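Trainee: Have a look at this one before I ask anything.
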Amino acid sequence: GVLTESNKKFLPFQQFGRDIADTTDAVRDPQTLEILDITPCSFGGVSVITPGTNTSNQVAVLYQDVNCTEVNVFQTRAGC
Amino acid sequence: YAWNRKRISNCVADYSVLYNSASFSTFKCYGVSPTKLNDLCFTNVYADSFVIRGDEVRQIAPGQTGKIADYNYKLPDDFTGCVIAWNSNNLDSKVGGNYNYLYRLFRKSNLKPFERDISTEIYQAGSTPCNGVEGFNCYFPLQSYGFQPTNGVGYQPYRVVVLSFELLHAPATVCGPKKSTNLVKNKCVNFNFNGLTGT
Amino acid sequence: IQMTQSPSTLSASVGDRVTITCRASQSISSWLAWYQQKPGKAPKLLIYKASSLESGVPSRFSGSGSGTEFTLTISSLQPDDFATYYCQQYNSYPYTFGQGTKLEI
Amino acid sequence: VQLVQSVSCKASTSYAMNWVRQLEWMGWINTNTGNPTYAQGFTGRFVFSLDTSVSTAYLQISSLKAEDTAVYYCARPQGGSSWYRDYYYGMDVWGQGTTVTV
Amino acid sequence: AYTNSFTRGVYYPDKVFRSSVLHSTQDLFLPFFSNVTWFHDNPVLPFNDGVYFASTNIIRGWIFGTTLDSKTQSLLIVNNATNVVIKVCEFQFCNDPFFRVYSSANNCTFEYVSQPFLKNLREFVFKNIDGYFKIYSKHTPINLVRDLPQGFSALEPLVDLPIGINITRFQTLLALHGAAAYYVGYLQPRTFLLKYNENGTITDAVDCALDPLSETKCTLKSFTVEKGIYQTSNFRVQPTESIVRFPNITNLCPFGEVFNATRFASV
Ligand SMILES: *[C@@H]1O[C@H](CO)[C@@H](O[C@@H]2O[C@H](CO)[C@@H](O[C@@H]3O[C@H](CO)[C@@H](O)[C@H](O)[C@@H]3O)[C@H](O)[C@H]2NC(C)=O)[C@H](O)[C@H]1NC(C)=O
Ligand SMILES: *[C@@H]1O[C@H](CO)[C@@H](O)[C@H](O)[C@H]1NC(C)=O
Ligand SMILES: *[C@@H]1O[C@H](CO)[C@@H](O)[C@H](O)[C@H]1NC(C)=O
Ligand SMILES: *[C@@H]1O[C@H](CO)[C@@H](O)[C@H](O)[C@H]1NC(C)=O
Ligand SMILES: *[C@@H]1O[C@H](CO)[C@@H](O)[C@H](O)[C@H]1NC(C)=O
Ligand SMILES: *[C@@H]1O[C@H](CO)[C@@H](O)[C@H](O)[C@H]1NC(C)=O
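Line by line, the protein sequences give chains A, B, C, D and E.
When you line the first sequence up against the authors' numbering, it's residues 550 to 620, 641 to 649, in that order.
Residues in the second sequence are numbered from 351 upward in steps of one, following the authors' numbering.
Residues in the third sequence are numbered from 2 upward in steps of one, following the authors' numbering.
When you line the fourth sequence up against the authors' numbering, it's residues 2 to 7, 20 to 25, 30 to 39, 45 to 124, in that order.
When you line the fifth sequence up against the authors' numbering, it's residues 27 to 66, 80 to 95, 99 to 140, 157 to 176, 187 to 245, 261 to 350, in that order.
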């Protein structure tokens, strides 16, 4: 996952946080006592647009559900 | 450390004698029940032979750790053949001590399955390059087995043979002594058609 | 081969520098070791290679020389070092000892 | 690295073995193979028959003589336990020494 | 010198017989449309989990080894124009071979003779898996001069060798009396989809990770996808610069106080 400094507030006896479903949210480093949210690595689905092979072979690729600056190009509400 | 290997091919194989010889301390089979293996066809067989101590005989098995299974002779976790081991204290020893069989004690990294290394190059127990000559903290990686007739059970020589079959698609060349009767055609039968039993 | 050490028995005060020289019957070629044995115990190492100190031996014992002749020196004589001292050889196959030296207080 | 003197020196085969008396040399038994050559006058008169799994270098003094009264030391060399090359690696550590009386 | 290996490098993953079955397999294959070194004399090459070696009676066997030195085991495959000699004897190194290479058989283990290899190209795939040195072979009559002739051919198994060696480098043997042409490609763990024809011989294949179009072909399990938006897979960003974290204290725990003692209590 990606380590982003925890903007939310903790308590002195609180080592790490969790939101739901075992998905641990934030952790404090056991050496310097700094608090950090831990977000799971960004992921999505991949779909294709095909006009049918025997007609043509060029296909477009759709990255579902990402503000698409990640590995022409156009932006949809679904994805890019 | 130089476990010998032999190919078994193009023969009839009678495993009843080995199974019922009753002079085997250990006869355990992986991937096939020992009694029924006689009535089954194998493509090729590899018989690998060597000798070990007592405490290390448990260690000839898939997924085992320690000196034999990490630096000398490593069995794959997906094994298909099977292990035979019997005591040979009276044959492999002599009064005063036998020092013919070696075994490897110092290796940088574990062995991939079925990998044999017979090099004699010095081990880097230290840090400075001793340059392929024995020096401080540079020992020899073949330590000698010693066998006297007076040793305890744990140190007697067990002769061990690994019968690695391969049960597989290929045309079988080694399998049991069936009568191999003639076929019948256009009327459905139940065949043991080269081990592909079915109706 | 045979080892001839010039000192045989010598005593002095604590905090003194003692010098011992050992030679052989021919060119030993830096193949030499220096031992000391305190009474009622098997001997122990102080110098291997005639020039290097052992693991945990005090630094006051220094070995110098070359060819056939070598020499051990004690910078600060210690009363515990009251003992016998032996120069042996490595080149020739028989590792022989010598008449040794005695050091007292 | 402790050598137990009891006749056999129990070790305690990373290094080789060596034997001496009091002070001469018994003749460098090798532990990694069969027993190789010995001192000049110590070949046939004194034998070792080392036994492993306890790593004890056995001694049998052949043709026991009147003046054998001596203290025998098992001594562990500096390094070098291999086969048929005859190191120049004499002695590293020692034990208490068995006292024989005749 | 590079050259695109268009569709070479498929081999029968298993030797059971199927027909008209678009089978899906996952194993070590040469990636489609990968570039391979157009060698043309003989330098030693890394192995990396199996090589695809194509060539065009003038070339000869190969030498394999961990170090290509008499210090460590090695493997020899030479041809004497009728009989193929195979050995794992711990040979020496003849930097520019020609039988000038098959010098020393110190501590040798395996020897064997086989039928000959025999304007035409022979291609092989070498895979050292679990101590078996699988070799897959195929002939082809061709006429192309420059590079690999485009088209498709299957590679069938020929022999496995119970060697038990650690293979990392290999060199090619050539008999001399510009060189010939031969191509080296490195296998990768890539899931393939293979079209068995009516006869039983492989005639088409798709690599499940070349172009997401091929991903649709592979997951949809067909060679012709009709119009529409299909779903191939999930995607995620790979982990980079793995980090490990621990506390700072360094105090060996009370180990000796627990074991190196004798007055252990009773049960
Ligand atoms: C083949 O490999 C072996 C070790 O794997 C190399 O070492 C040689 O081993 C032989 C016997 O194993 C030694 O010959 C004789 O050994 C007997 C053992 O009782 C001994 O009594 C004799 O005095 C003699 O040593 C040989 O000395 C030994 N050589 C070395 C350098 O270790 C062997 O060299 C390898 N052979 C080749 C052709 O590479
Ligand atoms: C498929 O492509 C071919 C191109 O030859 C075309 O004739 C046909 O109409 C296309 N559609 C089919 C076969 O349904
Ligand atoms: C996506 O991110 C960019 C830069 O982070 C931002 O300008 C933009 O508003 C975001 N949303 C969309 C829909 O592009
Ligand atoms: C295999 O050979 C390579 C060649 O350099 C070596 O680095 C590696 O340690 C060897 N590993 C095994 C398991 O043999
Ligand atoms: C083999 O494949 C060809 C493909 O054109 C086919 O015509 C033939 O019937 C098949 N069978 C035989 C026995 O040739
Ligand atoms: C216990 O003592 C033995 C004595 O040989 C030593 O080897 C070992 O390292 C010691 N271990 C601990 C945990 O004290």
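Cβ atoms here follow ideal geometry from the backbone N, Cα and C, with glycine treated the same way.
At a threshold of 7 Å, does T604 (chain A) count as lining ligand 2 (C-beta to nearest heavy atom)?
Mentor: The answer is yes for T604 (chain A).
Trainee: For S469 (chain B), decide whether its Cβ has a neighbour in chain E, counting only Cβ atoms nearer than 8 Å.
Mentor: By this cut-off, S469 (chain B) is an interface position.
Trainee: At 8 Å on the CB atoms, spell out the chain C contacts of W116 (chain D), in chain order.
Mentor: Correct list: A43, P44, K45.
Trainee: Does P40 (chain C) pass the burial test, meaning 16 or more other C-beta atoms within 10 Å, or should it be called exposed?
Mentor: Its Cβ having fewer than 16 others within 10 Å, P40 (chain C) is exposed.
Trainee: Less than 8 Å separating the beta-carbons of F318 (chain E) and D287 (chain E)?
Mentor: It is not a contact, given that the beta carbons lie outside the stated cut-off.
Trainee: Evaluate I598 (chain A) with the Cβ neighbour count: other Cβ atoms within 10 Å of its Cβ, from every protein chain shown; 16 or more gives buried, anything less gives exposed.
Mentor: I598 (chain A) should be labelled exposed.
Trainee: Residues of the region 62-92 of chain D in Cβ contact with chain C at a cutoff of 8 Å, in chain order, please.
Mentor: If the cut-off is 8 Å between Cβ atoms, the region 62-92 of chain D has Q62 near chain C.
Trainee: Compare the C-beta of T102 (chain C) with all C-beta atoms of chain D and state if any pair is closer than 8 Å.
Mentor: No, its Cβ sits nowhere closer than 8 Å to a Cβ of chain D.
Trainee: Just to confirm before moving on: does the CB-CB distance between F192 (chain E) and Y204 (chain E) stay below 8 Å?
Mentor: Yes.
Trainee: Examine chain D for any beta-carbon lying closer than 8 Å to the beta-carbon of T97 (chain C), and answer yes or no.
Mentor: For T97 (chain C), the answer is yes, since a Cβ of chain D falls inside 8 Å of its Cβ.
Trainee: Kindly say whether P39 (chain E), judged by its beta-carbon, lies nearer than 8 Å to any beta-carbon of chain B.
Mentor: Not closer than 8 Å to any Cβ of chain B, the Cβ of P39 (chain E) fails to qualify, so no.
Trainee: Name the two residues that bound the continuous alpha helix (DSSP H) containing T299 (chain E).
Mentor: 295-303 is the span of the alpha helix (DSSP H), which, as asked, contains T299 (chain E).
Trainee: Distance cutoff 8 Å, beta carbons only. Does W47 (chain D) sit that close to anything in chain C?
Mentor: Answer yes: the Cβ-Cβ gap between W47 (chain D) and chain C drops below 8 Å somewhere.
Trainee: Give the DSSP-derived three-state secondary structure of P80 (chain C) in the structure shown.
Mentor: Of the three classes helix, strand and coil, the one that applies to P80 (chain C) here is helix, per DSSP.
Trainee: Check whether the Cβ atoms of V36 (chain E) and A222 (chain E) lie closer than 8 Å to each other.
Mentor: A contact, by the Cβ cut-off of 8 Å.
Trainee: Quick check: the region 77-97 of chain D against the region 529-536 of chain B, are there 3 or more CB pairs under 8 Å?
Mentor: No: fewer than three Cβ pairs fall under 8 Å.
Trainee: Report all residues from its chain with a CB closer than 6 Å to the CB of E55 (chain C); omit the five preceding and five following residues, and keep chain order.
Mentor: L46, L47, listed in sequence order.
Trainee: Measure the CB-CB distance between residue 636 (chain A) and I312 (chain E) and report whether it falls below 8 Å.
Mentor: Within chain A, the sequence of modelled residues goes 620 then 641, so residue 636 (chain A) has no position in this structure.
Trainee: Please report the residue range of the beta strand (DSSP E) in which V42 (chain E) lies.
Mentor: Here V42 (chain E) belongs to no beta strand (DSSP E), and DSSP marks it neither H nor E.
Trainee: May I ask which residues mark the beginning and end of the alpha helix (DSSP H) holding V367 (chain B)?
Mentor: From DSSP, the alpha helix (DSSP H) with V367 (chain B) extends over 366-370.
Trainee: Residues bridged to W353 (chain B) by DSSP?
Mentor: In the DSSP output, where bridge partners are listed per residue, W353 (chain B) has none listed.
Trainee: Please report how far the alpha carbon of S9 (chain C) lies from the alpha carbon of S77 (chain D), in whole angstroms.
Mentor: Looking at the two C-alpha atoms, the distance is approximately 38 Å.
Trainee: How would you call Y28 (chain E), buried or exposed, if buried means at least 16 neighbouring beta carbons within 10 angstroms?
Mentor: It counts as exposed.
Trainee: Based on the DSSP output, what are the partners of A43 (chain C) in its beta bridges?
Mentor: The partner list for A43 (chain C) (beta bridge, DSSP) is empty, contrary to what the question assumes.
Trainee: Considering only residues of the same chain and omitting the five flanking positions on each side of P209 (chain E), which have a CB-CB separation below 7 Å?
Mentor: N188, listed in sequence order.
Trainee: Distance, Cα to Cα, residue 554 (chain B) vs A609 (chain A)?
Mentor: Coverage of chain B is limited to positions 351 through 549, which leaves residue 554 (chain B) absent and any answer about it impossible.
Trainee: Beta carbon of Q644 (chain A): closer than 7 Å to some heavy atom of ligand 3?
Mentor: Yes, Cβ of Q644 (chain A) sits closer than 7 Å to a heavy atom of ligand 3.
Trainee: Can you find a heavy atom of ligand 6 that lies under 7 Å from the Cβ of residue 98 (chain E)?
Mentor: Missing here is residue 98 (chain E); chain E as given proceeds from 95 to 99 without the residues in between.
Trainee: Give the residues of chain D in contact with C488 (chain B), contact being defined as C-beta atoms less than 8 Å apart.
Mentor: The contacting residues are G101.
Trainee: Please state whether the Cβ-Cβ distance between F456 (chain B) and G101 (chain D) is less than 8 Å.
Mentor: Cβ distance not < 8 Å, so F456 (chain B) and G101 (chain D) don't count as in contact.
Trainee: Taking a contact to mean a Cβ-Cβ separation below 8 Å, would you say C590 (chain A) touches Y612 (chain A) in this structure?
Mentor: Not in contact: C590 (chain A) and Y612 (chain A) (Cβ atoms no closer than 8 Å).
Trainee: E484 (chain B) versus chain D: which residues are under 9 Å apart at the beta carbon?
Mentor: Neighbours of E484 (chain B) on chain D, chain order: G101, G102, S103, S104, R107, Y109, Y111.
Trainee: With DSSP as the reference, identify every bridge partner of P272 (chain E), one or two as the case may be.
Mentor: According to DSSP, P272 (chain E) bridges with E:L54.
Trainee: Should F62 (chain C) be labelled buried (16 or more other beta-carbon atoms within 10 Å of its own) or exposed?
Mentor: Under this definition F62 (chain C) is a buried residue.
Trainee: Does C649 (chain A) come within less than 8 Å of chain E when only Cβ atoms are used?
Mentor: For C649 (chain A), the answer is no, since every Cβ of chain E falls outside 8 Å of its Cβ.
Trainee: Are the CB atoms of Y351 (chain B) and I468 (chain B) within a distance shorter than 8 Å?
Mentor: It is a contact, given that the beta carbons lie within the stated cut-off.
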